[PDB]
Chemist: 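Sharing a structure here in structure tokens format.
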Amino acid sequence: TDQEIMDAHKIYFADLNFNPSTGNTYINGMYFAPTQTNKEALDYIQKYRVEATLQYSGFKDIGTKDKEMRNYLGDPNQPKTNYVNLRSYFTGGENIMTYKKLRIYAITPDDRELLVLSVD
């Protein structure tokens, strides 16, 4: 169901790169927590659609890509889980700005798009 998938994305960590000298913060991707109450709903979602604000271009649709399975938080000591690898999206060579508008959509294997993560 749409709410079961939606709640299965409420605990997430952003994979950021941060320059302390400069203050630039880019988002590389997004980890969704592998909790037992939402494991099956994360295994269900196979693709993610992203709209994000690029550093030089504006807010833009950057398309749809398969999820990656990645060790939670990059930790080899944690199990693999849903990872939205933002850097493989249609960004035109550009980095995605953190804290500016961002919309991530879970795509059912039936191709329906549901908003699971939203930042303004």
Side-chain angles (χ1 to χ4, degrees):
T1 55
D2 279 18
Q3 186 76 262
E4 213 155 87
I5 286 156
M6 222 154 284
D7 301 13
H9 286 78
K10 259 66 175 97
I11 295 125
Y12 63 97
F13 282 71
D15 186 12
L16 301 180
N17 297 145
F18 172 67
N19 192 326
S21 284
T22 280
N24 264 76
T25 325
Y26 309 131
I27 329 178
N28 307 291
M30 271 273 289
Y31 297 94
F32 291 104
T35 85
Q36 313 180 243
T37 179
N38 71 41
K39 225 272 173 205
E40 183 194 87
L42 281 179
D43 306 285
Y44 178 64
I45 309 298
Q46 208 72 359
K47 306 177 108 135
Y48 288 92
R49 201 271 264 274
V50 176
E51 298 155 347
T53 59
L54 300 186
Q55 177 161 32
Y56 297 97
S57 316
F59 183 73
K60 270 156 83 292
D61 180 11
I62 57 170
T64 302
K65 295 285 167 154
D66 282 25
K67 61 166 189 198
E68 299 188 341
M69 292 299 283
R70 273 202 184 179
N71 290 294
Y72 190 43
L73 304 180
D75 202 342
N77 304 334
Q78 299 188 135
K80 279 146 85 92
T81 194
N82 282 34
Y83 182 71
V84 175
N85 184 5
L86 297 176
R87 300 306 337 274
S88 57
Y89 281 76
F90 293 137
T91 72
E94 304 174 12
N95 291 295
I96 295 142
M97 287 315 226
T98 316
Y99 315 114
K100 272 88 211 161
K101 185 153 144 242
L102 165 85
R103 308 264 184 274
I104 288 160
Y105 298 90
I107 288 118
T108 56
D110 303 70
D111 315 315
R112 291 150 32 227
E113 288 189 8
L114 321 165
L115 194 278
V116 291
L117 189 270
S118 209
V119 178
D120 314 314

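For this chain, numbers begin at 1 and follow the sequence in order.
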Chemist: Drop me the distance from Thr1's OG1 to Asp7's CG, to the nearest 0.5 angstrom.
Modeler: 8.0 Å
Chemist: Applying side-chain hydrogen bond (donor to acceptor under 3.5 Å, both in side chains), name anything that partners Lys67, two or more places apart in sequence or on another chain.
Modeler: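 With sequence neighbours excluded, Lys67 shows a side-chain hydrogen bond (donor to acceptor under 3.5 Å, both in side chains) to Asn82, given in chain and number order.
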Chemist: Walk me through whether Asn28 and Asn17 qualify under side-chain hydrogen bond (donor to acceptor under 3.5 Å, both in side chains).
Modeler: CA-CA 7 Å; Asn28 307 291; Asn17 297 145; 3.0 Å; yes
Chemist: Got a second to check how far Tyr48's OH is from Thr64's OG1, nearest 0.5 Å?
Modeler: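 Between atom OH of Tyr48 and atom OG1 of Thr64 there are 12.5 Å.
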Chemist: Looking at every heavy atom in both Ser21 and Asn19, which two are closest together, and how far apart are they?
Modeler: N-OD1, 3.2 Å
Chemist: Can you find a pair of side-chain heavy atoms, one from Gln78 and one from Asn71, that are under 4.5 Å apart?
Modeler: no
Chemist: For residues 112-120, which side-chain N or O atoms pair as donor and acceptor with protein atoms under 3.5 Å away, sequence neighbours left out?
Modeler:
unit_1, atom_1, unit_2, atom_2, d
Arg112, NH2, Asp2, OD1, 3.0
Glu113, OE1, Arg49, NE, 3.3
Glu113, OE1, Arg49, NH2, 3.3
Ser118, OG, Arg103, NH1, 2.9
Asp120, OD1, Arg103, NH1, 3.2
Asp120, OD1, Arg103, NH2, 3.1

Chemist: Could you state the interatomic distance from CD1 (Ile107) to OH (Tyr44), rounded to the nearest 0.5 Å?
Modeler: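 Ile107 CD1 to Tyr44 OH: 12.0 Å, rounded to 0.5 Å.
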Chemist: Has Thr98 got a side-chain atom pairing as donor or acceptor with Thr25's backbone, closer than 3.5 angstrom?
Modeler: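 Answer holds: yes.
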Chemist: Before giving the answer on side chain to side chain contact (heavy atoms under 4.5 Å, CB included), spell out for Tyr12 and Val84 the whole-Å C-alpha distance, their side-chain angles and the decisive distance to 0.1 Å.
Modeler: CA-CA 11 Å; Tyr12 63 97; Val84 175; over 6 Å; no
Chemist: Taking atom OH of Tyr99 as the centre, report whether more than 12 heavy atoms of other residues, nucleotides or ligands fall under 6.0 Å from it.
Modeler: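 Atom OH in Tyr99 is not crowded, with 12 or fewer foreign heavy atoms closer than 6.0 Å.
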Chemist: Mind checking whether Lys65 and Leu86 have side chains closer than 4.5 Å, heavy atoms only?
Modeler: no
Chemist: Report yes or no: do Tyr83 and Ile27 belong to one cluster of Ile/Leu/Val/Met/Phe/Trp/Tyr joined by side chain heavy-atom distances under 4.5 Å?
Modeler: no
Chemist: NZ of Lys39: more than 12 outside heavy atoms within 6.0 angstrom?
Modeler: no
Chemist: Ring-plane angle category for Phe32 and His9, please: parallel below 30°, perpendicular beyond 60°, tilted otherwise.
Modeler: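 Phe32 vs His9 ring planes: perpendicular.
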Chemist: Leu16 and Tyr89: same hydrophobic cluster, using ILVMFWY side-chain contacts below 4.5 Å?
Modeler: yes
Chemist: Nearest 0.5 Å please: distance from the NZ atom of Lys47 over to the OG1 atom of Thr108.
Modeler: 10.5 Å
Chemist: Nearest heavy-atom pair of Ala33 and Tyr72: which atoms, and what distance?
Modeler: CB-OH, 3.5 Å
Chemist: Do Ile104 and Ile5 sit in the same hydrophobic cluster, where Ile, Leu, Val, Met, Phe, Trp and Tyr count as joined when their side-chain heavy atoms come under 4.5 Å apart?
Modeler: yes
Chemist: Which donor-acceptor pairs under 3.5 Å do side chains of residues 53-60 form with protein atoms, sequence neighbours excluded?
Modeler:
unit_1, atom_1, unit_2, atom_2, d
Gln55, OE1, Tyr26, OH, 2.9
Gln55, NE2, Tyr26, OH, 3.3
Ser57, OG, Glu94, OE1, 2.8
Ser57, OG, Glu94, OE2, 3.1

Chemist: Between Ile96 and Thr91, is there a side-chain heavy-atom distance shorter than 4.5 Å?
Modeler: yes
Chemist: Is the shortest side-chain heavy-atom distance between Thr81 and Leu73 below 4.5 Å?
Modeler: no
Chemist: Check whether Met6 and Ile45 end up in the same hydrophobic cluster, where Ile, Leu, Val, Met, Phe, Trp and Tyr are linked by side-chain heavy atoms less than 4.5 Å apart.
Modeler: yes
